[PDB]
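Protein chains in written order, with the authors' numbering: chain G, 9 to 140; chain H, 9 to 140; chain I, 9 to 140; chain J, 9 to 140; chain K, 9 to 140; chain g, 1 to 125; chain i, 1 to 125; chain h, 1 to 125. We treat Cβ as the ideally placed atom computed from N, Cα and C, and that holds for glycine. One structure is given here, and the rest of the page talks about it.
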């Protein structure tokens, strides 16, 4: 489905550590709202270490998985403790918190601040350029 | 049987990243209350990276799914704890909150000020243009 | 059988999107409180895109369905927790609020302020043309 | 057997949108206390669209049904939770609220102020001409 | 065998809409504490419409029914929750409230002030004529 | 549009005045000329207790079944015969539903007149 | 396209003036040279109560079928005969209403008897 | 390629002016010279209801399946045959449905009676 989903499905034995494919760069820009044109963003890609590449790809895969799980979970929340199994009514909030943590990890790996983007909302770091 | 639903039903290995058809552009315009002819809106429609289009289409599909789910669920709430299955009495509230979340997600993708539309209410930044 | 009920039942496969019918125009006029002869109303009736028409039609179908559901339920509320099924006493309130939300959705699709109509009460915008 | 009840029983499939029969006009005047002579009342009938007439007739049928159910249910309320069925002790209040809602819908369809009537007392608008 | 009841039980198919007999007029006069000879009372007796008379007769029948039900039920209240049937202890209060509601309904039908009568208490507006 | 010179009268043998009599059609009736959908109308007795109704006979698929509701609320069923003359109520009151007018000849005869048009079209103009 | 004419008048035979009427084709139909999707048309009655619709001679590849809703909330089903000429609505409202009497084998026998009636008329012709 | 021609008209000879239509090569295809992946095209009606689509005929190696959506969502499947000249939509699709119901031929029997009359007239000589 998602291009990156298939691209990673190809690499069953972990994920490659070469560099960020154009789709990966694009999705990172999406996740932290840094248009890949922005030099302050592009220079960050430069000098990026190998293990950093691997961690970034891991974080992206986790982001995709959490997004899919969030979409799926909505069918639940209809009920509580159907027979004897009570479900955490805050599960969706937990998924959102994990997503924001993942995007924060992404931004941290690049030493860049998180801006108003897809997931993080109203709690932004150092705006489009400089503090908010 | 929504026109966009029928259009999407064709693609099973994912959603195409080609571009935004006039129908889906119109639907997005409606979802963020932007008359599609507005210059800022069409300008934002430019410079769309492929994965941005993919995410937008996924969000639209989710909007449709949640709308239909609300239509279904409204009949429920007639009861609470039928035998042992207690009902999340704010489930409809949860669906509405997720819907507005997706709407704001679209607005954030297009970096546009989410305005008065059918889903979001009382939080529509900048009104039509320049001022809310 | 409501006229619109049969008219829409004619279209099992989705709903038609060509144009608004004088019957549908009259219905929206009534349920938003606009006499259809108003110049602003008719102006809003022009330039509306096809997906907007489809949304209006599904919304009015929802209005009719919820209105019908409001009648059969009132025979209930004669009882609470018959044997094990507790009753959400606020079901009536829920459906009333749902109808209000649908009317607001109509108002936002037309880009017009929602005025005093039967379903909504005291929550209206700009009275006839100018107010609050 | 209310006269209008039978008159509507004849109209099995929906209800006509032709005009308001003198009995229907009289019943409306009864519901909102507008003697038929009042020009401010008769003018409301003038220019009254069709779907509006259908809504009026639906509301009148509902008024009749709820009123009859009110008298019927009084023989209940003798007990609470006979075996396992606890009943809403406010049920009568619920139907009173429904009736006042119906009469308010009537008054609002005609854009007229609901005055002191048999169903609402001291909670009404504008009285005779400008009383409230 | 109340005389009004023995008059009504003949007209099984609805109730007659001719006019108020001296017995019916006398009963109404008693229920609103208006001596028949009062000029205002008789003046109100004119201008009577069809549905007005029909509803008046229905309300009178309901008055009789509730009055009989009161004496039927007063034997109850001797006990509570026989096996599982708890007893609505204010039930008699509900009967009184509905009865006074019917009396006020009659008063509104005749547009006349409701004054100290045999059923209601302290709801005596503007005495015999304007008084208190 | 047959009239109906029906008159009501109290038990004391005085007439009723300004009292509502209701007349209701049951089946949407129609003829080759016009169509008569299901409608109802009322009337008020004169100072002398007379009342008049202008009604259509029964030529429809189902009889144009009329019902008269009186001030006592009794429903009297009946079926207006054909003709053109003022009718007294009681005569049709005692007469319930009957076989109304001859069976179909007019519409098929119109079709046959169209066939005659074709016949004229055989050779001549 | 034929013209469906119709005269509607109240119980008193007075016309219904500028009152609402609706009509709709149920299923989109296409002829060899054009495609007609579903559409609905509103109309009002004149002073004389008359109303005229320009309507397709509905015979076509797909199911062609009209429903007309009258002020009495009644929906009459009928399919327009082919041809190019004005037709009175009563004709279709009765012929199209013989679709009533589900599985009208009795009225089908009457249709055959009407064919026999036309045969005898021709024999006399 | 071919210019799929189509014409849409209202129930009463009015062209279906200014309404939308869509066509999609539901099954993405290709040919030796070029590749034609799945895509959808939208169009609008003219003042006459005409509409023309430049479409690739179904000569795909595996499959080339077209689906067109009407204003009423009466999605019609078809497959444009090879060729370069234009072709009308009524022909490209054809593929009528059974149109099975008591009210499809109810009046087509009346036209059958008319043609019976015509053959009777012809054989009269």
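Residue i and residue j closer than 8 angstroms at C-beta
{"i": "residue 44 of chain H", "j": "residue 52 of chain H", "result": "no"}
{"i": "residue 25 of chain K", "j": "residue 62 of chain K", "result": "yes"}
{"i": "residue 143 of chain G", "j": "residue 31 of chain G", "result": "The first residue shown for chain G is 9 and the last is 140, placing residue 143 of chain G beyond what the model contains."}
{"i": "residue 59 of chain i", "j": "residue 39 of chain i", "result": "no"}
{"i": "residue 93 of chain H", "j": "residue 78 of chain H", "result": "no"}
{"i": "residue 91 of chain i", "j": "residue 2 of chain i", "result": "no"}
{"i": "residue 116 of chain i", "j": "residue 108 of chain g", "result": "no"}
{"i": "residue 126 of chain G", "j": "residue 68 of chain G", "result": "no"}
{"i": "residue 117 of chain J", "j": "residue 60 of chain J", "result": "yes"}
{"i": "residue 48 of chain i", "j": "residue 15 of chain i", "result": "yes"}
{"i": "residue 128 of chain K", "j": "residue 111 of chain K", "result": "yes"}
{"i": "residue 114 of chain G", "j": "residue 65 of chain G", "result": "no"}
{"i": "residue 77 of chain g", "j": "residue 97 of chain g", "result": "yes"}
{"i": "residue 84 of chain g", "j": "residue 75 of chain g", "result": "no"}
{"i": "residue 36 of chain i", "j": "residue 11 of chain h", "result": "yes"}
{"i": "residue 10 of chain H", "j": "residue 72 of chain H", "result": "yes"}
{"i": "residue 131 of chain h", "j": "residue 99 of chain i", "result": "Past the boundaries of the shown model lies residue 131 of chain h; chain h is included only from 1 to 125, so the question cannot be answered."}
{"i": "residue 104 of chain h", "j": "residue 63 of chain i", "result": "yes"}
{"i": "residue 120 of chain G", "j": "residue 49 of chain G", "result": "yes"}
{"i": "residue 94 of chain g", "j": "residue 5 of chain g", "result": "no"}
{"i": "residue 18 of chain I", "j": "residue 26 of chain i", "result": "yes"}
{"i": "residue 18 of chain i", "j": "residue 45 of chain i", "result": "yes"}
{"i": "residue 56 of chain g", "j": "residue 86 of chain i", "result": "no"}
{"i": "residue 121 of chain h", "j": "residue 122 of chain g", "result": "yes"}
Classification of residue i by the beta-carbon crowding that lies within 10 angstroms, buried from 16 upward
{"i": "residue 95 of chain I", "result": "buried"}
{"i": "residue 51 of chain g", "result": "buried"}
{"i": "residue 3 of chain G", "result": "No answer is possible for residue 3 of chain G: the residues shown for chain G start at 9 and end at 140."}
{"i": "residue 24 of chain h", "result": "buried"}
{"i": "residue 41 of chain i", "result": "buried"}
{"i": "residue 20 of chain g", "result": "buried"}
{"i": "residue 66 of chain i", "result": "buried"}
{"i": "residue 212 of chain i", "result": "Nothing can be reported for residue 212 of chain i: it is not among the residues displayed for chain i, which extend from 1 to 125."}
{"i": "residue 136 of chain I", "result": "exposed"}
{"i": "residue 90 of chain G", "result": "exposed"}
{"i": "residue 102 of chain i", "result": "exposed"}
{"i": "residue 8 of chain i", "result": "buried"}
{"i": "residue 82 of chain H", "result": "buried"}
Residue range of the alpha helix (DSSP H) that includes residue i
{"i": "residue 148 of chain K", "result": "Nothing about residue 148 of chain K can be reported from this structure: the residues present for chain K run from 9 to 140 only."}
{"i": "residue 50 of chain I", "result": "47–53"}
{"i": "residue 35 of chain i", "result": "That residue, residue 35 of chain i, is in no alpha helix (DSSP H); its beta strand (DSSP E) goes 34–36."}
{"i": "residue 116 of chain I", "result": "99–117"}
{"i": "residue 17 of chain I", "result": "11–17"}
{"i": "residue 36 of chain G", "result": "30–40"}
Proximity test, Cβ basis, 8 angstroms: residue i and chain C
{"i": "residue 26 of chain J", "result": "In the displayed structure, chain C is absent; the protein chains listed are G, H, I, J, K, g, i and h."}
Delimiting residues of the beta strand (DSSP E) encompassing residue i
{"i": "residue 22 of chain i", "result": "20–25"}
{"i": "residue 120 of chain H", "result": "Counting along the chain, residue 120 of chain H falls outside any beta strand (DSSP E), and DSSP gives it neither H nor E."}
{"i": "residue 4 of chain i", "result": "2–7"}
{"i": "residue 181 of chain i", "result": "As displayed, chain i neither begins before 1 nor continues past 125, which places residue 181 of chain i out of reach and without an answer."}
Integer Cβ distance of residue i from residue j, believed to fall under 8 angstroms
{"i": "residue 105 of chain J", "j": "residue 41 of chain J", "result": "With 8 angstroms as the limit, residue 105 of chain J and residue 41 of chain J do not qualify as a contact, their Cβ atoms being about 19 angstroms apart."}
{"i": "residue 56 of chain J", "j": "residue 103 of chain J", "result": "Not confirmed; about 28 angstroms, so no contact."}
- Task: Ignoring anything shorter than 4 residues or poking outside the stretch 40–122 of chain i, list the alpha helix (DSSP H) runs there in chain order.
- Result: Secondary structure in the stretch 40–122 of chain i: the alpha helix (DSSP H) runs of 4 residues or longer, each lying completely within the stretch, are 89–95 in chain order.
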